[PDB]
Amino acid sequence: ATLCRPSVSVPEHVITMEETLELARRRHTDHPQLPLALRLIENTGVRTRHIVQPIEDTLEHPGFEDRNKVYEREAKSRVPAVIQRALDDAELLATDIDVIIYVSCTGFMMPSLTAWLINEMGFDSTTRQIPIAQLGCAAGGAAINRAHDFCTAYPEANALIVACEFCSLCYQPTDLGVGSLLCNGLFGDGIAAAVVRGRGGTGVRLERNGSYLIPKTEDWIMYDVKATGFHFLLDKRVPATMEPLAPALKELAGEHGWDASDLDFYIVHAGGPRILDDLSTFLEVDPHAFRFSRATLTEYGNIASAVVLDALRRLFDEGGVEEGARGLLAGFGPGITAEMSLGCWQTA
């Protein structure tokens, strides 16, 4: 199985770094840790982010019920187009996909969108649905690792990975801790869809994938679930966790031969360049390695599960084609979990 050209699309409402600082200032003028909050946000290097609703509406909280209503409306009117362009690239019709893998942690619906997608997109009335809402920033990589595992089990199988993240719909005016303030300047909205044809595609070439859970960090990247919806909690110690994770990247990187970090491919998702830079040290590649990841964050912000996919999408546009260059696709999030994936680039 080979990962094809991920298709990505973001909403039309844009919020700049400068604007974020203004709002944060005006909205927290009395906050005792305000200067610290603003500095942290600015250092993030996130110049722009996109949101599905105008800024004045996203700042308001009409309740979880209305927020979640916005979630399904915006996903129904936006997801379809993206899935399309993802089929066109992998060169398949709705009917060549055996399994849909829908990941989103920014809203909740049962059934998930997969059912409505099969109905409207004219998918196979037999397509398997695999909705995962509990893996957050790591869901991107996990989707890959699944579409992969699936294909190996059914060699002629094509999987459709769809990532839909409207992080702006999880904004909680009530969360006043500096961590919250940070997060409010970092996450954005984005949608990604990529096909993984095992038949023989053009993109990253499947090899060996693997998971890794950082012991006792369960509550380090999590959701507090309240009447107001999902409140995101990110422990101050998250970046430092890069040290314990580096080895897990090497351990698996080894059990494939490509072994050494000394690779040509690096598409990893880490929230903010801070955490991404601890990975460019503890691992010992080079900062510049995660040029594509950092590019998504700089222009879109942290769009959760969709980051990996958009990084790839950017690796295609610059598309050199180093042909068979190594490869390390990884996602990090709730767990703390790490969905790592090793693969070679394949042309055809």
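All residue numbers refer to positions in the sequence shown, first residue = 1.
For the segment pair 160 to 168 and 255 to 263, the entry gives 255 to 263 the higher mean B-factor, averaged over Cα atoms. Of the two segments, 226 to 234 and 239 to 247, the one listed with the higher mean B-factor is 239 to 247 (C-alpha atoms only).
Residue set 279, 308, 70, 55: peak C-alpha B-factor at 279 (per PDB entry). Annotation for residue 37: C-alpha temperature factor in the lowest third relative to the rest of the modelled chain, per the entry. Among the modelled residues of its chain, residue 196 has a C-alpha B-factor that falls in the highest third, as given in the PDB entry. Sort the modelled residues of the chain by CA B factor and residue 217 lands in the middle third. In the deposited entry, the Cα temperature factor of residue 186 sits in the bottom third of values across the chain's modelled residues. In the PDB entry, a CA B factor belonging to the lowest third of its chain's modelled residues is recorded for residue 106.
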